[PDB]
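For reference, upload38.cif (mmCIF, C-alpha atoms and all ligand atoms):
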data_my_file
#
loop_
_atom_site.group_PDB
_atom_site.id
_atom_site.type_symbol
_atom_site.label_atom_id
_atom_site.label_comp_id
_atom_site.auth_asym_id
_atom_site.auth_seq_id
_atom_site.Cartn_x
_atom_site.Cartn_y
_atom_site.Cartn_z
ATOM 1 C CA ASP Z 20 10.672 76.174 36.829
ATOM 2 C CA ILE Z 21 7.928 77.606 39.057
ATOM 3 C CA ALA Z 22 4.384 76.305 39.417
ATOM 4 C CA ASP Z 23 1.714 78.696 38.123
ATOM 5 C CA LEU Z 24 -0.366 78.538 41.287
ATOM 6 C CA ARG Z 25 -2.563 81.381 40.004
ATOM 7 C CA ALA Z 26 -3.828 78.954 37.323
ATOM 8 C CA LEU Z 27 -5.972 77.477 40.109
ATOM 9 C CA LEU Z 28 -7.756 80.767 40.850
ATOM 10 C CA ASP Z 29 -11.478 81.215 40.368
ATOM 11 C CA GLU Z 30 -12.708 83.898 37.972
ATOM 12 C CA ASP Z 31 -13.621 86.323 40.771
ATOM 13 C CA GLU Z 32 -10.176 85.927 42.382
ATOM 14 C CA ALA Z 33 -7.889 87.241 39.600
ATOM 15 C CA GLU Z 34 -7.944 90.916 40.663
ATOM 16 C CA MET Z 35 -8.451 89.940 44.298
ATOM 17 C CA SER Z 36 -6.352 89.565 47.365
ATOM 18 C CA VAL Z 37 -5.819 85.800 47.446
ATOM 19 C CA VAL Z 38 -3.621 83.368 49.366
ATOM 20 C CA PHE Z 39 -2.909 79.697 48.740
ATOM 21 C CA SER Z 40 -1.731 77.614 51.687
ATOM 22 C CA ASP Z 41 -0.185 74.151 51.928
ATOM 23 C CA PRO Z 42 -1.872 72.204 54.761
ATOM 24 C CA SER Z 43 0.644 69.361 54.386
ATOM 25 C CA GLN Z 44 3.381 71.652 55.674
ATOM 26 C CA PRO Z 45 3.708 72.440 59.394
ATOM 27 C CA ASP Z 46 1.335 75.226 60.464
ATOM 28 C CA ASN Z 47 -0.360 75.459 57.033
ATOM 29 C CA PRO Z 48 1.859 78.212 55.575
ATOM 30 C CA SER Z 49 1.140 80.459 52.629
ATOM 31 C CA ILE Z 50 2.797 79.271 49.421
ATOM 32 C CA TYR Z 51 1.370 82.004 47.178
ATOM 33 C CA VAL Z 52 0.090 85.491 47.907
ATOM 34 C CA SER Z 53 -1.185 87.860 45.267
ATOM 35 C CA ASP Z 54 0.139 91.375 44.773
ATOM 36 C CA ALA Z 55 -3.285 92.733 45.765
ATOM 37 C CA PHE Z 56 -2.928 90.956 49.119
ATOM 38 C CA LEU Z 57 0.489 92.524 49.692
ATOM 39 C CA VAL Z 58 -0.780 95.976 48.674
ATOM 40 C CA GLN Z 59 -3.778 95.872 51.011
ATOM 41 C CA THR Z 60 -1.795 94.550 53.980
ATOM 42 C CA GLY Z 61 1.381 96.629 53.546
ATOM 43 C CA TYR Z 62 3.843 93.714 53.463
ATOM 44 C CA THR Z 63 6.593 92.647 51.101
ATOM 45 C CA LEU Z 64 6.545 89.129 49.691
ATOM 46 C CA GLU Z 65 9.484 88.059 51.887
ATOM 47 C CA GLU Z 66 7.697 89.192 55.060
ATOM 48 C CA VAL Z 67 4.720 86.839 54.630
ATOM 49 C CA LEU Z 68 5.462 83.948 52.256
ATOM 50 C CA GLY Z 69 5.832 80.707 54.194
ATOM 51 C CA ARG Z 70 3.950 82.028 57.239
ATOM 52 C CA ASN Z 71 0.514 81.126 58.523
ATOM 53 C CA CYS Z 72 -1.944 83.920 57.675
ATOM 54 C CA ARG Z 73 -2.766 84.534 61.366
ATOM 55 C CA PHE Z 74 -0.320 87.474 61.205
ATOM 56 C CA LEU Z 75 -3.307 89.399 59.785
ATOM 57 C CA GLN Z 76 -5.023 89.217 63.171
ATOM 58 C CA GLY Z 77 -4.494 91.773 65.886
ATOM 59 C CA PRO Z 78 -5.450 93.035 69.317
ATOM 60 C CA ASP Z 79 -9.218 93.415 68.781
ATOM 61 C CA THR Z 80 -9.693 90.393 66.509
ATOM 62 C CA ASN Z 81 -12.439 88.191 67.933
ATOM 63 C CA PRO Z 82 -10.914 84.890 69.161
ATOM 64 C CA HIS Z 83 -14.139 83.011 68.388
ATOM 65 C CA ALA Z 84 -13.940 84.124 64.756
ATOM 66 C CA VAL Z 85 -10.388 82.753 64.727
ATOM 67 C CA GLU Z 86 -11.583 79.453 66.194
ATOM 68 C CA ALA Z 87 -14.407 79.405 63.616
ATOM 69 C CA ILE Z 88 -11.860 79.636 60.792
ATOM 70 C CA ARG Z 89 -9.795 76.887 62.418
ATOM 71 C CA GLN Z 90 -12.799 74.558 62.600
ATOM 72 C CA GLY Z 91 -13.876 75.477 59.069
ATOM 73 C CA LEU Z 92 -10.453 74.428 57.795
ATOM 74 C CA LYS Z 93 -10.682 71.129 59.680
ATOM 75 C CA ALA Z 94 -14.123 70.595 58.127
ATOM 76 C CA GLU Z 95 -12.650 71.037 54.615
ATOM 77 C CA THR Z 96 -15.656 72.970 53.379
ATOM 78 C CA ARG Z 97 -16.313 76.319 51.758
ATOM 79 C CA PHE Z 98 -16.904 79.109 54.245
ATOM 80 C CA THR Z 99 -16.898 82.890 54.595
ATOM 81 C CA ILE Z 100 -16.469 84.974 57.749
ATOM 82 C CA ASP Z 101 -16.159 88.664 58.586
ATOM 83 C CA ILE Z 102 -13.075 89.107 60.767
ATOM 84 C CA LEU Z 103 -11.143 92.143 61.975
ATOM 85 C CA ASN Z 104 -7.698 92.174 60.366
ATOM 86 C CA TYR Z 105 -4.739 94.537 60.520
ATOM 87 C CA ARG Z 106 -2.147 95.983 58.159
ATOM 88 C CA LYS Z 107 1.560 96.219 58.958
ATOM 89 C CA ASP Z 108 1.057 99.838 60.013
ATOM 90 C CA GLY Z 109 -1.443 98.718 62.669
ATOM 91 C CA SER Z 110 -4.563 100.039 60.931
ATOM 92 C CA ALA Z 111 -7.580 97.738 61.099
ATOM 93 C CA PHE Z 112 -10.168 96.700 58.529
ATOM 94 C CA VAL Z 113 -13.090 94.292 58.397
ATOM 95 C CA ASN Z 114 -12.063 91.401 56.147
ATOM 96 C CA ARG Z 115 -14.694 89.248 54.441
ATOM 97 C CA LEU Z 116 -12.583 86.100 54.190
ATOM 98 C CA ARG Z 117 -13.668 83.301 51.856
ATOM 99 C CA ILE Z 118 -11.850 79.962 52.106
ATOM 100 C CA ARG Z 119 -12.231 76.824 50.021
ATOM 101 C CA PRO Z 120 -10.350 73.517 49.941
ATOM 102 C CA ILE Z 121 -8.617 72.256 46.803
ATOM 103 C CA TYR Z 122 -8.077 68.514 46.239
ATOM 104 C CA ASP Z 123 -5.749 66.405 44.101
ATOM 105 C CA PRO Z 124 -7.072 63.843 41.572
ATOM 106 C CA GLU Z 125 -6.864 61.183 44.320
ATOM 107 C CA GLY Z 126 -9.251 63.254 46.428
ATOM 108 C CA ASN Z 127 -6.693 64.148 49.091
ATOM 109 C CA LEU Z 128 -6.692 67.698 50.392
ATOM 110 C CA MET Z 129 -3.963 69.592 48.550
ATOM 111 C CA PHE Z 130 -4.313 73.344 49.162
ATOM 112 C CA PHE Z 131 -6.548 75.944 50.717
ATOM 113 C CA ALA Z 132 -7.519 79.066 48.767
ATOM 114 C CA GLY Z 133 -8.380 82.154 50.768
ATOM 115 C CA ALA Z 134 -9.696 85.355 49.225
ATOM 116 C CA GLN Z 135 -9.841 88.633 51.147
ATOM 117 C CA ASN Z 136 -12.352 91.406 50.536
ATOM 118 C CA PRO Z 137 -12.463 94.534 52.712
ATOM 119 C CA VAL Z 138 -16.024 95.179 53.871
ATOM 120 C CA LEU Z 139 -16.980 98.700 52.793
ATOM 121 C CA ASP M 20 -12.859 71.318 43.645
ATOM 122 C CA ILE M 21 -9.891 69.595 41.982
ATOM 123 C CA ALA M 22 -6.554 71.166 41.099
ATOM 124 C CA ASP M 23 -5.880 71.375 37.354
ATOM 125 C CA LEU M 24 -2.452 69.777 37.593
ATOM 126 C CA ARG M 25 -2.271 69.559 33.788
ATOM 127 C CA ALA M 26 -2.080 73.386 33.757
ATOM 128 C CA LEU M 27 1.567 72.906 34.764
ATOM 129 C CA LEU M 28 2.424 70.823 31.685
ATOM 130 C CA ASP M 29 4.928 71.960 29.093
ATOM 131 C CA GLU M 30 3.783 72.372 25.491
ATOM 132 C CA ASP M 31 5.356 69.088 24.359
ATOM 133 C CA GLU M 32 3.681 67.177 27.217
ATOM 134 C CA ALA M 33 -0.028 67.716 26.410
ATOM 135 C CA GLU M 34 -0.449 64.661 24.145
ATOM 136 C CA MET M 35 2.251 62.781 26.044
ATOM 137 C CA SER M 36 2.430 60.188 28.727
ATOM 138 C CA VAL M 37 3.141 62.333 31.786
ATOM 139 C CA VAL M 38 3.195 61.831 35.552
ATOM 140 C CA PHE M 39 3.346 64.378 38.357
ATOM 141 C CA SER M 40 4.667 63.206 41.718
ATOM 142 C CA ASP M 41 4.591 64.755 45.187
ATOM 143 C CA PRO M 42 8.042 64.403 46.808
ATOM 144 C CA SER M 43 6.690 65.731 50.118
ATOM 145 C CA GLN M 44 4.615 62.577 50.502
ATOM 146 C CA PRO M 45 6.204 59.293 51.621
ATOM 147 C CA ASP M 46 7.850 57.456 48.713
ATOM 148 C CA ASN M 47 7.194 60.284 46.211
ATOM 149 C CA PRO M 48 3.861 58.981 44.858
ATOM 150 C CA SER M 49 2.136 59.918 41.634
ATOM 151 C CA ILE M 50 -0.600 62.512 42.118
ATOM 152 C CA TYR M 51 -1.521 62.837 38.433
ATOM 153 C CA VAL M 52 -1.120 60.494 35.488
ATOM 154 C CA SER M 53 -2.276 61.293 31.990
ATOM 155 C CA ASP M 54 -4.593 59.071 29.978
ATOM 156 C CA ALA M 55 -1.762 58.485 27.489
ATOM 157 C CA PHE M 56 0.337 57.063 30.335
ATOM 158 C CA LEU M 57 -2.457 54.684 31.333
ATOM 159 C CA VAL M 58 -3.027 53.626 27.711
ATOM 160 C CA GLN M 59 0.641 52.858 27.064
ATOM 161 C CA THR M 60 1.128 50.963 30.330
ATOM 162 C CA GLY M 61 -2.186 49.064 30.415
ATOM 163 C CA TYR M 62 -3.314 50.241 33.866
ATOM 164 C CA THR M 63 -6.466 51.832 35.214
ATOM 165 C CA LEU M 64 -6.203 55.070 37.166
ATOM 166 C CA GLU M 65 -6.964 53.303 40.468
ATOM 167 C CA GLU M 66 -4.130 50.807 39.938
ATOM 168 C CA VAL M 67 -1.372 53.446 39.812
ATOM 169 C CA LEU M 68 -2.442 56.763 41.360
ATOM 170 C CA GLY M 69 -0.721 57.280 44.701
ATOM 171 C CA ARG M 70 2.062 54.786 43.929
ATOM 172 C CA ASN M 71 5.714 55.406 43.191
ATOM 173 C CA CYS M 72 6.355 54.978 39.453
ATOM 174 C CA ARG M 73 8.874 52.154 40.046
ATOM 175 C CA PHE M 74 6.034 49.728 39.210
ATOM 176 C CA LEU M 75 7.018 50.411 35.576
ATOM 177 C CA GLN M 76 10.293 48.563 36.125
ATOM 178 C CA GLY M 77 10.658 44.842 35.666
ATOM 179 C CA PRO M 78 12.951 41.840 35.610
ATOM 180 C CA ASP M 79 15.480 43.072 33.019
ATOM 181 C CA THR M 80 15.454 46.748 34.026
ATOM 182 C CA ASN M 81 19.020 47.882 34.670
ATOM 183 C CA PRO M 82 19.462 48.620 38.410
ATOM 184 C CA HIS M 83 22.086 51.283 37.664
ATOM 185 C CA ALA M 84 19.589 53.162 35.497
ATOM 186 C CA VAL M 85 17.198 53.021 38.456
ATOM 187 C CA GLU M 86 19.894 54.366 40.778
ATOM 188 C CA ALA M 87 20.674 57.077 38.196
ATOM 189 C CA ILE M 88 17.050 58.247 38.302
ATOM 190 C CA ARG M 89 17.135 58.196 42.105
ATOM 191 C CA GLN M 90 20.247 60.385 42.195
ATOM 192 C CA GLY M 91 18.857 62.679 39.497
ATOM 193 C CA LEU M 92 15.781 63.276 41.647
ATOM 194 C CA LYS M 93 17.957 64.040 44.676
ATOM 195 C CA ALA M 94 19.928 66.489 42.519
ATOM 196 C CA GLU M 95 16.697 68.336 41.595
ATOM 197 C CA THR M 96 17.798 68.886 38.019
ATOM 198 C CA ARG M 97 16.444 68.154 34.567
ATOM 199 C CA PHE M 98 17.488 64.774 33.223
ATOM 200 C CA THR M 99 16.592 62.153 30.627
ATOM 201 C CA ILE M 100 17.415 58.438 30.633
ATOM 202 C CA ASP M 101 16.580 55.433 28.468
ATOM 203 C CA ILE M 102 15.263 52.688 30.748
ATOM 204 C CA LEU M 103 13.557 49.357 30.111
ATOM 205 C CA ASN M 104 9.967 49.514 31.355
ATOM 206 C CA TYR M 105 7.067 47.074 31.351
ATOM 207 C CA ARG M 106 3.317 47.137 30.789
ATOM 208 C CA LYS M 107 0.805 45.345 33.005
ATOM 209 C CA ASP M 108 0.744 42.459 30.528
ATOM 210 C CA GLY M 109 4.493 41.953 31.025
ATOM 211 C CA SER M 110 5.578 43.282 27.626
ATOM 212 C CA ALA M 111 8.684 45.468 27.683
ATOM 213 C CA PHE M 112 9.570 48.724 25.953
ATOM 214 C CA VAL M 113 12.465 51.166 26.019
ATOM 215 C CA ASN M 114 11.243 54.311 27.775
ATOM 216 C CA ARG M 115 12.962 57.653 27.180
ATOM 217 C CA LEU M 116 12.081 59.198 30.537
ATOM 218 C CA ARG M 117 12.432 62.954 31.016
ATOM 219 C CA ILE M 118 12.112 64.339 34.551
ATOM 220 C CA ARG M 119 12.151 67.926 35.770
ATOM 221 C CA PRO M 120 11.590 69.512 39.182
ATOM 222 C CA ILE M 121 8.854 72.079 39.790
ATOM 223 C CA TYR M 122 9.195 74.675 42.576
ATOM 224 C CA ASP M 123 6.796 76.877 44.535
ATOM 225 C CA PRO M 124 7.155 80.693 44.631
ATOM 226 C CA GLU M 125 9.287 80.306 47.789
ATOM 227 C CA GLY M 126 11.726 78.167 45.813
ATOM 228 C CA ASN M 127 10.958 74.941 47.668
ATOM 229 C CA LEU M 128 10.661 71.776 45.621
ATOM 230 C CA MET M 129 6.965 71.143 45.021
ATOM 231 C CA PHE M 130 6.500 68.451 42.354
ATOM 232 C CA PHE M 131 8.362 66.338 39.854
ATOM 233 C CA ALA M 132 7.136 66.078 36.259
ATOM 234 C CA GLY M 133 8.034 62.941 34.351
ATOM 235 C CA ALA M 134 7.281 62.435 30.672
ATOM 236 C CA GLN M 135 7.523 59.031 28.993
ATOM 237 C CA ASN M 136 8.343 58.461 25.337
ATOM 238 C CA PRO M 137 8.742 54.957 23.889
ATOM 239 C CA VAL M 138 11.978 54.736 21.908
ATOM 240 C CA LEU M 139 11.111 53.589 18.386
HETATM 241 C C1 LIG Z 201 -5.564 80.161 52.617
HETATM 242 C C2 LIG Z 201 -5.825 80.793 53.961
HETATM 243 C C3 LIG Z 201 -6.068 82.160 54.027
HETATM 244 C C4 LIG Z 201 -6.315 82.767 55.251
HETATM 245 N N1 LIG Z 201 -6.545 84.133 55.284
HETATM 246 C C5 LIG Z 201 -6.793 84.748 56.485
HETATM 247 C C6 LIG Z 201 -7.053 86.110 56.536
HETATM 248 O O1 LIG Z 201 -7.067 86.800 55.511
HETATM 249 N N2 LIG Z 201 -7.291 86.706 57.754
HETATM 250 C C7 LIG Z 201 -7.284 85.960 58.915
HETATM 251 O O2 LIG Z 201 -7.503 86.506 59.990
HETATM 252 N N3 LIG Z 201 -7.040 84.603 58.873
HETATM 253 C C8 LIG Z 201 -6.787 84.001 57.660
HETATM 254 N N4 LIG Z 201 -6.530 82.647 57.642
HETATM 255 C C9 LIG Z 201 -6.586 81.892 58.937
HETATM 256 C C10 LIG Z 201 -5.283 81.653 59.692
HETATM 257 O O3 LIG Z 201 -4.273 81.214 58.813
HETATM 258 C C11 LIG Z 201 -5.537 80.552 60.718
HETATM 259 O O4 LIG Z 201 -6.049 79.422 60.043
HETATM 260 C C12 LIG Z 201 -6.527 80.996 61.794
HETATM 261 O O5 LIG Z 201 -5.919 81.981 62.597
HETATM 262 C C13 LIG Z 201 -6.986 79.844 62.687
HETATM 263 O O6 LIG Z 201 -5.883 79.033 63.021
HETATM 264 P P1 LIG Z 201 -5.120 79.271 64.416
HETATM 265 O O7 LIG Z 201 -6.137 79.086 65.526
HETATM 266 O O8 LIG Z 201 -4.002 78.253 64.528
HETATM 267 O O9 LIG Z 201 -4.536 80.672 64.451
HETATM 268 C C14 LIG Z 201 -6.310 82.015 56.424
HETATM 269 C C15 LIG Z 201 -6.066 80.644 56.360
HETATM 270 C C16 LIG Z 201 -5.821 80.036 55.130
HETATM 271 C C17 LIG Z 201 -5.557 78.554 55.066
HETATM 272 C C1 LIG Z 202 7.441 62.038 38.114
HETATM 273 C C2 LIG Z 202 8.210 60.744 38.054
HETATM 274 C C3 LIG Z 202 8.044 59.910 36.955
HETATM 275 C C4 LIG Z 202 8.743 58.714 36.873
HETATM 276 N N1 LIG Z 202 8.549 57.901 35.769
HETATM 277 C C5 LIG Z 202 9.234 56.716 35.671
HETATM 278 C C6 LIG Z 202 9.074 55.902 34.559
HETATM 279 O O1 LIG Z 202 8.317 56.218 33.636
HETATM 280 N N2 LIG Z 202 9.767 54.714 34.487
HETATM 281 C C7 LIG Z 202 10.621 54.337 35.503
HETATM 282 O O2 LIG Z 202 11.234 53.278 35.421
HETATM 283 N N3 LIG Z 202 10.798 55.146 36.607
HETATM 284 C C8 LIG Z 202 10.099 56.330 36.692
HETATM 285 N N4 LIG Z 202 10.277 57.116 37.809
HETATM 286 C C9 LIG Z 202 11.258 56.666 38.851
HETATM 287 C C10 LIG Z 202 10.732 55.894 40.055
HETATM 288 O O3 LIG Z 202 9.581 56.516 40.580
HETATM 289 C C11 LIG Z 202 11.818 55.912 41.128
HETATM 290 O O4 LIG Z 202 12.165 57.256 41.389
HETATM 291 C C12 LIG Z 202 13.061 55.139 40.691
HETATM 292 O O5 LIG Z 202 12.750 53.765 40.640
HETATM 293 C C13 LIG Z 202 14.246 55.343 41.633
HETATM 294 O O6 LIG Z 202 13.806 55.292 42.970
HETATM 295 P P1 LIG Z 202 13.919 53.912 43.788
HETATM 296 O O7 LIG Z 202 15.382 53.515 43.806
HETATM 297 O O8 LIG Z 202 13.402 54.147 45.194
HETATM 298 O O9 LIG Z 202 13.081 52.843 43.111
HETATM 299 C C14 LIG Z 202 9.609 58.333 37.897
HETATM 300 C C15 LIG Z 202 9.777 59.166 39.001
HETATM 301 C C16 LIG Z 202 9.076 60.369 39.080
HETATM 302 C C17 LIG Z 202 9.260 61.267 40.275
#

Full structure transcribed into structure tokens:
Amino acid sequence: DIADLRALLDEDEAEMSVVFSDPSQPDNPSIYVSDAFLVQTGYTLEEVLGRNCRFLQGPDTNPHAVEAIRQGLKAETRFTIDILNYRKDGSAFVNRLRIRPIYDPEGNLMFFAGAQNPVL
Amino acid sequence: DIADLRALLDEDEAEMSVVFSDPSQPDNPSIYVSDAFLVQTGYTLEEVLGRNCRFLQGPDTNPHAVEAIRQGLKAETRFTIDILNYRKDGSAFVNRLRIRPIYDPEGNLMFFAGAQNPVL
């Protein structure tokens, strides 16, 4: 039996590119990625599940934006950042990335939710 | 924001005593316990959340039934066992315990769900 991770999505996220990660696993890997994510990025589920989402970054991604995300995750707070991301075919797009922490009833950090929106 | 763990309950479990545990944490602690569980066992949420459910066992609990549960968990399969359990006030009851594993989209074990039913 498989956990319905999508039952933890916000209303805005249902038709969105969204990723859930497990920060209690080494390197905070994705444990769920929506079909919209896979469509936008050009990957199959097998290519990305269980990997840290940094594979979306590429040669012109700003390293300070990457460090900003890393510190935002450590802060365990809601944040949004515009970051240059890349599809499997090498094409680049500005990604408005919104991340929020999700806690268990004890109050321990449980998951991160990250929603991607191409900036048009 | 808090994960709706109860959104992973089976239909029969909603008005039941149920526990979810996190086997990736040391000693497989409870991360969710229903109000029906707390009512039947006589505990407050603070007294039991984050503890392994073996606190339900007591002086006349059969140690082979305990070992059976331990092996069933290692097997990652659905199982049910009748085991003598105890409330905080020391009173004892026969517990028909049903446990099932819950996996993530990758297929890795994610949670255990355990439902308690007093045998009448
Ligand atoms: C749920 C989640 C979703 C993420 N989505 C993206 C994303 O869409 N694009 C991106 O560049 N980084 C994303 N990240 C950030 C990377 O996974 C990583 O945290 C970032 O590169 C900083 O960590 P690092 O310095 O170890 O690489 C996401 C992180 C999480 C936890
Ligand atoms: C989700 C879950 C619910 C459990 N519920 C009970 C229970 O109601 N009564 C009980 O005696 N053991 C219950 N257990 C079993 C104990 O937590 C523990 O696994 C058992 O005592 C065997 O492990 P041990 O030999 O380390 O004690 C439950 C275990 C899990 C994972």

(Q) Could you list, as a list in words, all residues that come within 6 Å of ligand LIG 202 (chain Z)? Count all atoms listed in the file. (A)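 I would give the residues around ligand LIG 202 (chain Z) as residues 38, 39, 40, 71, 72, 73, 75, 76, 85, 86, 88, 89, 104, 116, 131, 132, 133 and 135 of chain M.
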
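If you measure from each of Z:83, Z:93, Z:119, Z:107 to chain M using all atoms listed in the file, the closest one turns out to be Z:119.
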
Fitted chain Z, least squares over ordered Cα pairs with chain M, as a compact mmCIF listing (two decimals) with C-alpha atoms, in the coordinates of the input:
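Output (result-v2.txt):
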# COMPACT_ATOMS: atom_id res chain seq x y z
CA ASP Z 20 -12.86 71.32 43.65
CA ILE Z 21 -9.89 69.59 41.98
CA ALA Z 22 -6.55 71.17 41.10
CA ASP Z 23 -5.88 71.38 37.35
CA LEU Z 24 -2.45 69.78 37.59
CA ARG Z 25 -2.27 69.56 33.79
CA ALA Z 26 -2.08 73.39 33.76
CA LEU Z 27 1.57 72.91 34.76
CA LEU Z 28 2.42 70.82 31.69
CA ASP Z 29 4.93 71.96 29.09
CA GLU Z 30 3.78 72.37 25.49
CA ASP Z 31 5.36 69.09 24.36
CA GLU Z 32 3.68 67.18 27.22
CA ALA Z 33 -0.03 67.72 26.41
CA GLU Z 34 -0.45 64.66 24.15
CA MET Z 35 2.25 62.78 26.04
CA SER Z 36 2.43 60.19 28.73
CA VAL Z 37 3.14 62.33 31.79
CA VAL Z 38 3.20 61.83 35.55
CA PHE Z 39 3.35 64.38 38.36
CA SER Z 40 4.67 63.21 41.72
CA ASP Z 41 4.59 64.75 45.19
CA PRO Z 42 8.04 64.40 46.81
CA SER Z 43 6.69 65.73 50.12
CA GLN Z 44 4.61 62.58 50.50
CA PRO Z 45 6.20 59.29 51.62
CA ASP Z 46 7.85 57.46 48.71
CA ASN Z 47 7.19 60.28 46.21
CA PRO Z 48 3.86 58.98 44.86
CA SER Z 49 2.14 59.92 41.63
CA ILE Z 50 -0.60 62.51 42.12
CA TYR Z 51 -1.52 62.84 38.43
CA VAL Z 52 -1.12 60.49 35.49
CA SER Z 53 -2.28 61.29 31.99
CA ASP Z 54 -4.59 59.07 29.98
CA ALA Z 55 -1.76 58.49 27.49
CA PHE Z 56 0.34 57.06 30.34
CA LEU Z 57 -2.46 54.68 31.33
CA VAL Z 58 -3.03 53.63 27.71
CA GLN Z 59 0.64 52.86 27.06
CA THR Z 60 1.13 50.96 30.33
CA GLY Z 61 -2.19 49.06 30.41
CA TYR Z 62 -3.31 50.24 33.87
CA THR Z 63 -6.47 51.83 35.21
CA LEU Z 64 -6.20 55.07 37.17
CA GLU Z 65 -6.96 53.30 40.47
CA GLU Z 66 -4.13 50.81 39.94
CA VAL Z 67 -1.37 53.45 39.81
CA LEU Z 68 -2.44 56.76 41.36
CA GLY Z 69 -0.72 57.28 44.70
CA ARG Z 70 2.06 54.79 43.93
CA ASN Z 71 5.71 55.41 43.19
CA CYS Z 72 6.36 54.98 39.45
CA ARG Z 73 8.87 52.15 40.05
CA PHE Z 74 6.03 49.73 39.21
CA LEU Z 75 7.02 50.41 35.58
CA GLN Z 76 10.29 48.56 36.13
CA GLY Z 77 10.66 44.84 35.67
CA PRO Z 78 12.95 41.84 35.61
CA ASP Z 79 15.48 43.07 33.02
CA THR Z 80 15.45 46.75 34.03
CA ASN Z 81 19.02 47.88 34.67
CA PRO Z 82 19.46 48.62 38.41
CA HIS Z 83 22.09 51.28 37.66
CA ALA Z 84 19.59 53.16 35.50
CA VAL Z 85 17.20 53.02 38.46
CA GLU Z 86 19.89 54.37 40.78
CA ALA Z 87 20.67 57.08 38.20
CA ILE Z 88 17.05 58.25 38.30
CA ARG Z 89 17.14 58.20 42.10
CA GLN Z 90 20.25 60.38 42.19
CA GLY Z 91 18.86 62.68 39.50
CA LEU Z 92 15.78 63.28 41.65
CA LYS Z 93 17.96 64.04 44.68
CA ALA Z 94 19.93 66.49 42.52
CA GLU Z 95 16.70 68.34 41.59
CA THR Z 96 17.80 68.89 38.02
CA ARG Z 97 16.44 68.15 34.57
CA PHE Z 98 17.49 64.77 33.22
CA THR Z 99 16.59 62.15 30.63
CA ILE Z 100 17.42 58.44 30.63
CA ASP Z 101 16.58 55.43 28.47
CA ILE Z 102 15.26 52.69 30.75
CA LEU Z 103 13.56 49.36 30.11
CA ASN Z 104 9.97 49.51 31.35
CA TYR Z 105 7.07 47.07 31.35
CA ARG Z 106 3.32 47.14 30.79
CA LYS Z 107 0.80 45.34 33.01
CA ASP Z 108 0.74 42.46 30.53
CA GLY Z 109 4.49 41.95 31.03
CA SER Z 110 5.58 43.28 27.63
CA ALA Z 111 8.68 45.47 27.68
CA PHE Z 112 9.57 48.72 25.95
CA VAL Z 113 12.47 51.17 26.02
CA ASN Z 114 11.24 54.31 27.78
CA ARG Z 115 12.96 57.65 27.18
CA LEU Z 116 12.08 59.20 30.54
CA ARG Z 117 12.43 62.95 31.02
CA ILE Z 118 12.11 64.34 34.55
CA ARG Z 119 12.15 67.92 35.77
CA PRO Z 120 11.59 69.51 39.18
CA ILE Z 121 8.85 72.08 39.79
CA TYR Z 122 9.19 74.67 42.58
CA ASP Z 123 6.80 76.88 44.53
CA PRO Z 124 7.16 80.69 44.63
CA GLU Z 125 9.29 80.31 47.79
CA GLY Z 126 11.73 78.17 45.81
CA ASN Z 127 10.96 74.94 47.67
CA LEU Z 128 10.66 71.78 45.62
CA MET Z 129 6.96 71.14 45.02
CA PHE Z 130 6.50 68.45 42.35
CA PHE Z 131 8.36 66.34 39.85
CA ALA Z 132 7.14 66.08 36.26
CA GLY Z 133 8.03 62.94 34.35
CA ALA Z 134 7.28 62.44 30.67
CA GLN Z 135 7.52 59.03 28.99
CA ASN Z 136 8.34 58.46 25.34
CA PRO Z 137 8.74 54.96 23.89
CA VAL Z 138 11.98 54.74 21.91
CA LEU Z 139 11.11 53.59 18.39

At a cut-off of 8 Å, list the chain Z residues touching chain M, using all atoms listed in the file, as a PyMOL selection string.
chain Z and resi 20-23+26-27+50-51+68-69+120-126

The distance between CA of residue 61 in chain Z and CA of residue 110 in chain Z is 10.1 Å

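Each of Z:79, Z:54, Z:46, Z:30 was compared to ligand LIG 201 (chain Z) using all atoms listed in the file, and Z:46 turns out to be the nearest.
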
Taking all listed atoms of ligand LIG 201 (chain Z), build the axis-aligned box, pad each of the six sides by 4 Å, then write its centre and edge lengths in Å to one decimal as AutoDock Vina command-line options.
--center_x -5.8 --center_y 82.5 --center_z 59.1 --size_x 11.5 --size_y 16.5 --size_z 20.9

CA of residue 35 in chain Z sits from CA of residue 53 in chain Z at a separation of 7.6 Å

Exercise for the section: Measure the distance from CA of residue 37 in chain M to CA of residue 67 in chain M in Å and round it to one decimal. Expected result: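 Pair CA of residue 37 in chain M / CA of residue 67 in chain M returns 12.8 Å.
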
List as a PyMOL selection string the protein and nucleic acid residues near residue 98 in chain M, meaning an atom at most 8 Å away when all atoms listed in the file are counted, but skip any in the same chain fewer than 4 places from it.
chain M and resi 91+117-119

Shell of 8 Å around residue 81 in chain Z, all atoms listed in the file, local chain residues under 3 positions omitted, as an mmCIF file with C-alpha atoms, keeping the file's coordinate frame:
data_model
loop_
_atom_site.group_PDB
_atom_site.id
_atom_site.type_symbol
_atom_site.label_atom_id
_atom_site.label_comp_id
_atom_site.auth_asym_id
_atom_site.auth_seq_id
_atom_site.Cartn_x
_atom_site.Cartn_y
_atom_site.Cartn_z
ATOM 1 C CA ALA Z 84 -13.940 84.124 64.756
ATOM 2 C CA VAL Z 85 -10.388 82.753 64.727
ATOM 3 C CA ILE Z 102 -13.075 89.107 60.767
ATOM 4 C CA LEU Z 103 -11.143 92.143 61.975
#

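Using all atoms listed in the file, the nearest neighbour of residue 34 in chain Z within the list Z:105, Z:136, Z:47, Z:55 is Z:55.
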
Of Z:41, Z:58, Z:82, Z:134, the one nearest to residue 106 in chain Z when counting only C-alpha atoms is Z:58
